[PDB]
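What follows is the residue order along each chain.
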Amino acid sequence: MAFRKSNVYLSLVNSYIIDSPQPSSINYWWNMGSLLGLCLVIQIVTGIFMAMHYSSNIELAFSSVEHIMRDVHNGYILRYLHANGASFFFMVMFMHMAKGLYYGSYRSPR
Amino acid sequence: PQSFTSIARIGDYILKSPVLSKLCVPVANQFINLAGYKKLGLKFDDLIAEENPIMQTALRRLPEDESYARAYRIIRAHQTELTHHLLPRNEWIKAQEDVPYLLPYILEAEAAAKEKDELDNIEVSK
Amino acid sequence: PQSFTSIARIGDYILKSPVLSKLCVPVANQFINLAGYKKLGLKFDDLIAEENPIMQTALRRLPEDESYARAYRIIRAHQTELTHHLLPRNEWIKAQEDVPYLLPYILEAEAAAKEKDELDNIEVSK
Amino acid sequence: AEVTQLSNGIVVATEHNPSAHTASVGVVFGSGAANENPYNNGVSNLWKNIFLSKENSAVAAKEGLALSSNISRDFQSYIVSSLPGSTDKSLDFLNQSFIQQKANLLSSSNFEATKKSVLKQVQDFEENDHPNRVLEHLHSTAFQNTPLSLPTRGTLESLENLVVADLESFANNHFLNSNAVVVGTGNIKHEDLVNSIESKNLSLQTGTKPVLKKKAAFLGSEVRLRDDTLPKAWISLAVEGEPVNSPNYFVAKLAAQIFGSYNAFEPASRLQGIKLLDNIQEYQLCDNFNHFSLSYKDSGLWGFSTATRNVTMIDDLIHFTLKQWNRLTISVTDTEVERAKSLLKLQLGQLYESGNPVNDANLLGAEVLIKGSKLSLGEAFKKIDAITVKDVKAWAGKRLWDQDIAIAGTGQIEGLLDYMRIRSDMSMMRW
Amino acid sequence: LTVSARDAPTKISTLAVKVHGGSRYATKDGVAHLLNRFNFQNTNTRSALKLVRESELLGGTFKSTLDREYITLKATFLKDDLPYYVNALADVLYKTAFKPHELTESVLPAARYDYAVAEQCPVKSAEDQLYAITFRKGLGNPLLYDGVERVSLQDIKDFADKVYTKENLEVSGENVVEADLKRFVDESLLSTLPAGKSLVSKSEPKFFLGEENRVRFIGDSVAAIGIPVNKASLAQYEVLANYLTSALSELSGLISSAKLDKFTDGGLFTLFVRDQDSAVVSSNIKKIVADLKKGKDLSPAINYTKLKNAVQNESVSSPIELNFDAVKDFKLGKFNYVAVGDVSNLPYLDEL
Amino acid sequence: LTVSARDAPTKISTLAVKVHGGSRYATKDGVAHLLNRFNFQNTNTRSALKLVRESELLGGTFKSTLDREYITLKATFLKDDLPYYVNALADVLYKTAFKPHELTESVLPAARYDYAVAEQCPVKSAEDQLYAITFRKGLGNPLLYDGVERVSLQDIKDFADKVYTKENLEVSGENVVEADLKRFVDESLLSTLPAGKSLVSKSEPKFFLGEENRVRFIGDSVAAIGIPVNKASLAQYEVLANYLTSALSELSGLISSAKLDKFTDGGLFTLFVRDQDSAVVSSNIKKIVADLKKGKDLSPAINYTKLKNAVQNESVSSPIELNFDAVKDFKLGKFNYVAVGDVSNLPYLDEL
Ligand code: HEM
């Protein structure tokens, strides 16, 4: 058998991403789950790269966020990416939940 | 989740009454025409969600020609909705073609399961 | 990882030589007595790591009475080492009892695998 | 060794062999099932089976003649095996029964009985013979809407439209003197056959055959004939290979022989020198495969055809076969080529010089109909020995490496993935 | 050790060592099948893998074939490398390893596949039943191994020692120079094989007539008749087999198969009628037996069966050289009958 | 519709509706076995699950047994609920469902299990062979369904309409008040069954002698002799069966089993000699047939066989009441012979 099936971890990546049998007739509303995974990776990465500069004291919280917005190189990129990506995280989450409510993805197996 | 015996009971009561028939049957016919499953080549008993043991029982008990035809209608509806079109107007399921073919098998498996549960929970009169 | 053909080659050169036999065989007997696998009811051909295709081939080609005896010695060693004890000195493996029974099957499957590799990597003289 | 001569209307090709105890005289036409419509299909098959009729074969068997015919895509033959001293009787029977007095075989209640016979025979083919109809569907999709896709057996619904006028029209269009080669194998001399053709006036007709308006064009596609009540899952898979009289013809046959054929239950086919068996033997991916190189006058197929009961690991079988195909482009060794040279020489020597003069007659008629002369086996072995590793790599880079494949399968082929996932194996990412 | 060859100006040579060691001489049921499957496995010097991977580069293949009488070890190869294959067949006949792991991994799965293939075909089952009820312990041994008696590895070794002997085999090479072949058979291991007796018995093989057997089978239904023939009456049943196969006979549509098996002491005429439903097989074989008990004139089929026997006879190495000229009339006497399949609807022996 | 009952002062009654509808009256091969496995399935009124789950709480079970002649529908119960079981057997005979999903899910797997179990035993295989070569299309039908001919659902409905007829069955209650049983069988559906003809023929079953069959089988080896007997000669073969089973014979150590199957128009005396290796079976059955062709004095086994006949006869509802008094001597005449197993070492019929 193939190495993507015989390995310990590549069998997981294969059976979730590569050979995962999807029905042929699903539409672009089924893209929102992968989009939510993308939102989560965006949020976690921009969050770590701002936590390297943020200070959580009550005298330095707002001053440190403004330090990110002014002193940190491309820190405005990270802050606006984190904030508007959280808004987009919740947009795509409402679309995921609404397509679940619509197409009956909550019923007996699931 | 709603048992098919209950749907048959309520629908038979509506159909056996002369006032309820002439009041609600055209509403259901226009509802079925607006539902639009016939434009994809599906009869309604292809639409019933099969992921429950009563429906798995009825689908096991379906004869083979109906099974092969149902398989073709399901695959054809998947390909049709993949291409984001409908079937052409001569490939639509006609009204006289939309017969409940799975329904006696569903109702028989439902009566068997209800009788099995009722005998599982009996109380002998002593 | 070391091939049993290599061990047999070095060991046969040491055993056939009259100086090297009288020099190194008593040290090996003392090494085997200090290793103490016979104190758990084990021969050495049970100690070999069986998780390779050569050893799996040898254990498949091993006949049935040797297989059941080897299985009993392995389960007996597991129970003994579970109890953190030794076997009683009447039940220890004697030196005349520690005979290589799996060694010809190992060497035969090894020669077959080396021939298979040499034939997969030939260069025909043209 | 063989002599071909074009007499004043017709081409006589003999291959004398005085060690033989039989002699086969026949006529091979150059209109096989690629000269059909999709509507008269099977009319060459009906012509075969009314040449092999009971009423027609009793006349041969009273004289001591054996009738054998064959329908290919390019050619078709009508060969009459006899004893070596009885070949004037073979020419008299082939002249009277099939060429001149043709309207007696085509009577009604002989046509009807033979039509019922080949209807039963073609239906028995279509229900039971699974590797060969998978190769037939491979032709039908690899060459779809082109002459070379029509099944030589004939379909069940184009054999039911067929009447006696269709066989007569195929006869008057394709059984011509410019289209035929009269063939003699066994132990008859070339002067003897051409003298017996000059003696009795042997003329078929005078016309020229209809030119097909479209040449055969390979279209990468797949047909997926799944049938889950069958125990195995047969699948053929092929690229466009070389036609006959291509320069890369023997290189294509050699590269088909590099991966050879296989039978998982014959223990001497397990031990073969193919690197694909190191993959496909561990989980027993298949029961048998065989790589072919079908060559026709217009185009051809190069691929492999297999069968398996391991219907959940079809994708590993297809993936490992096609990753082995990429090795022809990138890293084919030398000993694979020398092994394929020796085995292709053995296969071609068993094929051409076997004991049967009927098969020699079919091969001879095909090769002198397409090329005009039969290539001898000494020159063919010289051509095989001329092939190097760079020739195989260049042919594989032309024909195999990242090219459109044609697939066909019946049985439990749900485990077979779709087209693009399989065609992504024809080229790897250089690893 | 009888060596023969027939030279030709071609490129492919086929060597064949024929031993009288088929199922007829089998001590246990199917030991000849197990030896035939045991033939080209590994030797004491060269392994079985090394044999295939050397002969593929040299350009020839091997094939061990089990008959009712012979075991034929055949090698097909390019002509210019004869001594490699003479020495290979010598090593196979003289020094086979006969390992228990070779029995339990290749030979017995191969024999199980062979028995499954022959078990799915009802005509082969009817032919084996017909052989076993015509001849009881001679030619009516089982052809393939099924496992109704345990055949151990020492039984296969003992059958090899009984059978592979120097007066029991005969080397025959098609498209081989006979002088080089007779030189290469010597200076080999065929000259070192034991000179045991020839197992060919020259007497008549003691048939039985009027026997009938019935087998229940799931699939097609066949009904088969079988007539044991002697040496003198071999030619008439040969022209009868090719007559009923041919288009001269009105019974040709009804008959699925009809063949005469030939040996050096007799033979067996077999006729098989095979269909899907049993009413067709019943009507067919009733008509065959009735129209054959009424006499037939086999004088049309003489020139046809000369050609058919020549076509068949150019393949084999030892022709029997039949007459076919003194055959005029046939009339069906006594015969053996087996019925495989839907066996409650097939006719019995007294109804034919 | 013959109602009989034998009252008793006990706690457990058994009811038995016996149809003349076993394998002997089967139109296809195995319809009787499939109807027998179709007996206590669901009806038009009461399901099969409701049948078991009511009859357990009332206190009795059901069992449908397929014989070579009858189909016995037995029902065992505490005494004071007889009309329930009378009406349940009535519902089973009159209105069974015969649903196709019941054929595929219950009846076919149960019959395949019965056939696998009786296939694993070579004694039942040889008994079926001995029947099928003594009488051909009558009692020599196959007992169980094996799938060699396609028995469909409609054929089971046709066979049940033929067999479940009012003049064909007999109601018999062990430990039942007979007047109450006759009152309860009337006012039920036994009286509304069709009054068809009885399938019991009153003629002799047209047996055959000297036949011999041979079945290969992996496992044990049995050899079986079998004699069809008539109505006047039933007691002699009864005392012979109990003589060879008994300790008076010197052949009881060799004989594995020996029994006479009695019918209303004849019987079959079947003797099986079974062992693991075929040489013991060969020596044993050669000694059996030799010392049976030499005469035996069956006079000592008479009082013993009166005892064993009363033992066997108290269970059944229909005694035949044999004589046992005029029986003096036995000498083996012609007989039918089957050999199952290592069939190339069990002897043939000539060697016995
Ligand atoms: C689950 C995904 C996440 C969501 C939905 C999320 C959401 C948010 C939101 C809405 C804000 C306020 C942004 C603003 O208005 O300025 C915020 C701020 C912040 N988040 Fe996250 N967050 C996520 C993940 C993370 C992670 C994992 C980290 C740490 C590693 C992180 C670190 C921060 C920090 C430091 C701030 C401070 C203010 C700023 O710089 O924006 N976030 N988060």
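The rules we used
Residues numbered from 1 in each chain as written, not as in the entry; some residues may be left out. Chains lettered and ligands numbered in written order. Part of a larger assembly, values for the part shown. Heavy atoms only, no water. UniProt positions renumbered as here; feature names shortened; annotations may be inferred. Pairing = 2+ DSSP bridges. Helix = DSSP H or I, 4+ residues; strand = E, 2+ residues; numbered from the N terminus. Axes fitted to C-alpha atoms, helices over the stretch in contact; angles between N-to-C directions. Contact = heavy atoms within 4.5 Å. Near = heavy atom within 4 Å. Polar contact = N/O pair within 3.5 Å; in protein donor to acceptor, adjacent residues only side chain to side chain. Nonpolar A, V, L, I, M, F, W, Y, C, P; charged D, E, K, R; others polar. Buried area = accessible area lost by both parts, 1.4 Å probe. Salt bridge = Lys/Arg side-chain N within 4 Å of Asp/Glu carboxyl O. Buried < 20%, exposed > 50% of the residue type's maximum accessible area, 1.4 Å probe, protein only.

- The name given to chain E in the PDB entry is Cytochrome b-c1 complex subunit 2, mitochondrial, with the source organism recorded as Saccharomyces cerevisiae.
- In its PDB record the entry is named "III2-IV2 mitochondrial respiratory supercomplex from S. cerevisiae".
- Annotation of chain E in UniProt includes, under Subcellular location, the sentence "Mitochondrion inner membrane".

- Looking at the PDB entry, one finds chain A named Cytochrome b, with Saccharomyces cerevisiae as its source organism.

**Things to note about the sheet that holds strand β6 (residues 212-216) of chain F**
Residues and elements named next belong to chain F.
So, step 1. Spatially, 5 strands are ordered β6-β12-β7-β9-β8 in an open sheet, and the strand pairing comes out mixed. This sheet does not close on itself; its edge strands, each paired only once, are β6 and β8 (257-262). Going from strand to strand, the sheet's axes swing by 15 degrees on average, the running direction of each strand aside.
So, step 2. Here β6 runs beside strand β12 (residues 336-341); their pairing, made up of 5 bridges, is parallel. Counted as the bridge partner of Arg 216 is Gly 341 from β12.
So, step 3. Contacts from helix α8 (residues 234-245) reach β7 (221-229), β8 and β9 (267-275), with the element oriented near 155 degrees to β8.

**Side note on the site of the ligand**
Residue and element names in this part refer to chain A.
So, step 1. The environment of the ligand is made up of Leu 40, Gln 43, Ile 44, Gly 47, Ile 48, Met 50, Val 65, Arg 79, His 82, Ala 83, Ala 86 and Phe 89.
So, step 2. Contact distances for the ligand include 2.6 Å between a nitrogen atom and a side-chain N or O atom of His 82.
So, step 3. The set of elements that each furnish at least two residues to the shell around the ligand consists of α3 (32-51) and α5 (75-102).
So, step 4. Considering only residue class, the shell around the ligand consists of 8 nonpolar, 3 polar and 1 charged.

**Regarding the interface of chain D and chain C**
So, step 1. Contact with chain D, which involves 4 residues of that partner, is made by 6 residues of chain C.
So, step 2. On the chain D side of the contact with chain C, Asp 278, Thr 335 and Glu 338 of chain D bury the most area, a combined 77% of that side's loss.
So, step 3. As a salt-bridge pair, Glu 338 of chain D and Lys 126 of chain C come within 3.3 Å of each other at their nearest N and O atoms.
So, step 4. The tally of links from chain D across to chain C stands at 1 residue pair in polar contact.

**Remarks on the pattern of salt bridges**
So, step 1. With the rule as written, the count across this model stands at 80 salt bridges over all chains.
So, step 2. We note a salt bridge from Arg 399 of chain D to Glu 242 of chain D, for which the minimum N-O separation is 2.5 Å. Remark: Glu 242 of chain D occurs in the loop between β8 (233-241) and α8 (249-259) and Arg 399 of chain D occurs in helix α14 (residues 389-399); sequence separation between them is 157 residues. You'll find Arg 399 of chain D and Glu 242 of chain D in the same group, each marked buried.
So, step 3. Residues joined in a network through salt bridges with shared partners are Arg 4, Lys 5 and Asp 19 of chain A together with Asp 315, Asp 316 and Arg 421 of chain D.

**Considering unusual backbone geometry**
All names here are of chain E.
So, step 1. Residue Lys 206 is not a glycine yet carries a positive backbone phi of 60 degrees.
So, step 2. Residue position: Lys 206 is located in the loop between α7 (178-185) and β6 (212-216).
So, step 3. A relative accessible area of 60% means that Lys 206 is categorised as exposed.

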